[PDB]
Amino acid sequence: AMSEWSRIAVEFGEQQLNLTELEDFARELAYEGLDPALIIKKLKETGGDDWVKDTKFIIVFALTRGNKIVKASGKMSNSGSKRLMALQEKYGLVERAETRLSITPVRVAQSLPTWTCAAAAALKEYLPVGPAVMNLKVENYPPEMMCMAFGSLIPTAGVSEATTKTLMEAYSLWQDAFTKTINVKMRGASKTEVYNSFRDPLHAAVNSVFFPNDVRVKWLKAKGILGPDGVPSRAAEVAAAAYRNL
């Protein structure tokens, strides 16, 4: 009212919302941890042959050591150090995901989710936070869930909303545990504060559409995490309950 600027503010408020375009903007700008297609393309293009061989290796590193290439290269066998650093030069691996284009080894593992989670369980005895830590909270925690990549495999279609919620709570057990075990800064945070530090990445993975739900459900059934009826395992239901109970 008072100035032309004041009136402009008021009239801008008088407008009517376009709910279809506001939504688009919202999703356009919504959190996103990675573009799996860009990482797979970068990888396959860069290494022609020897890209499946080279990628897997990057995934075992991510699974067992994280993103910290340089510190890690100094604390490993010579051949593993040698190859790791070779692959870093070769793919331009970075230790921190600054932009959409930055290839961290954990982004690599998150981009091939069903291979990673399978490798996780085969290697459960090498994971930084595996059966030891998990088993003393629940009997038989599904080892495929012991990695950053498992959230991409929780489905949102072909299962009940309750099933999807169970899988997230169960998975949160390991998320919360990994964080505490691994993150120095996070030590002493309430259960909610731990949660928030991973709310967004887990959501973006779940509600992502790159890895198709029908493939998820089948994988889940095949691993026993869902029964044939499409509802969680015993172990999942407990892990979920455990997590709801702190």
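Throughout, we count residues from 1 along the sequence that is shown.
- For the segment pair 47-55 and 33-41, the entry gives 47-55 the higher mean B-factor, averaged over Cα atoms.
- Two stretches are in play, 12-20 and 220-228, and the higher mean C-alpha B-factor belongs to 220-228.
- In this structure the maximum Cα B-factor among 169, 125, 144, 176 is found at 169.
- Of the candidates 83, 71, 137, 90, the one whose C-alpha carries the top B factor in the deposited record is 137.
- The deposited CA B-factor of residue 77 belongs to the lowest third of values across its chain.
- Placement of the Cα temperature factor of residue 196 within the chain: highest third of the modelled residues, per the deposited record.
- For residue 110, the recorded CA temperature factor ranks within the lowest third of the chain's modelled residues.
- Annotation for residue 209: CA B-factor lies in the middle third of the chain's modelled residues.
- Placement of the Cα temperature factor of residue 158 within the chain: highest third of the modelled residues, per the deposited record.
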